[PDB]
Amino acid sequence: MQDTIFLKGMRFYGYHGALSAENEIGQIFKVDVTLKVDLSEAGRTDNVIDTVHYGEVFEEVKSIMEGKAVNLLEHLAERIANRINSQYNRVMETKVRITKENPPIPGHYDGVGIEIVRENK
């Protein structure tokens, strides 16, 4: 099953990071969420109730990205994956990519980050 629902380049201003200075000033966090979902019924029916509403997913990611500051991106992606898998049974697996395009790293790069994939149990 290769069907997917996606949310690309979501951007939030948060204060996560292991450095005290990071939490103080904050930065923009870029988030890409890809959900494995069989979309054939919805495609057949055209009923919004037969699929996962992207809007609601964005609200979950948002609440975690703009909520309490944590240290790791790993911790933020793990809470999002877990939160999405938990509320949606139709989501067979959730992929979360977080990117810090501007971390406190002296250098020239497009960004640094992590990506996790979590199957829904």
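We number the residues from 1 along the sequence you see.
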| item | value |
| --- | --- |
| Stretch with the greater mean C-alpha B-factor as recorded in the entry, comparing 65-73 against 28-36 | 65-73 |
| Stretch with the higher entry mean CA B-factor, where the candidates are 46-54 and 79-87 | 46-54 |
| Assigned third (lowest, middle, highest) for the C-alpha B factor of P104 | highest |
| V112 CA temperature factor, ranked by third within the chain | middle |
